[PDB]
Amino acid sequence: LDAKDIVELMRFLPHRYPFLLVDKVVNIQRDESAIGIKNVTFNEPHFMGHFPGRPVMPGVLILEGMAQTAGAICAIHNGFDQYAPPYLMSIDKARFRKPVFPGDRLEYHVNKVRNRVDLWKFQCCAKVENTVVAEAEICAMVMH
């Protein structure tokens, strides 16, 4: 199974700091499934304000992590890259079960559902230590 480090990811994702929210993608099975890795550390800029004295990872950035891992494997598979950026179209059945904190390691399990005509839709679940922490169905399109 394929894997991508951060420098490789940068070839398929246009996202940069402070908005590149996966560190690795592993167990990449073509197009259909992968698992994205995101280390959560206190030394991230969002923790300055979310929340002061009580750092907790904003759910929306988890969603964004998920979306980036999905979009990443699709850009890899479809011979696309950055220079052709994604555009988030829908999020459904997004459910947050447990807060995540500095020190936690997020694994974003994404499963295909659909990817055709510059438009993919994945089923994604976020785990921290085989505990499901969030889930959503995320759809985006891509432009050129």
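Start at 1 and count along the sequence shown; that's the residue number.
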| property | result |
| --- | --- |
| Stretch with the higher entry mean CA B-factor, where the candidates are 38-46 and 72-80 | 72-80 |
| Stretch exceeding the other in mean C-alpha B-factor - 89-97, 60-68 | 89-97 |
| Relative C-alpha B-factor of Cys125, binned into the chain's lowest, middle or highest third | middle |
| Third assignment of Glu107 from its chain's C-alpha B-factors | middle |
| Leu20 CA temperature factor, ranked by third within the chain | lowest |
| Where the record places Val132 (Cα B-factor, split into thirds across the chain) | highest |
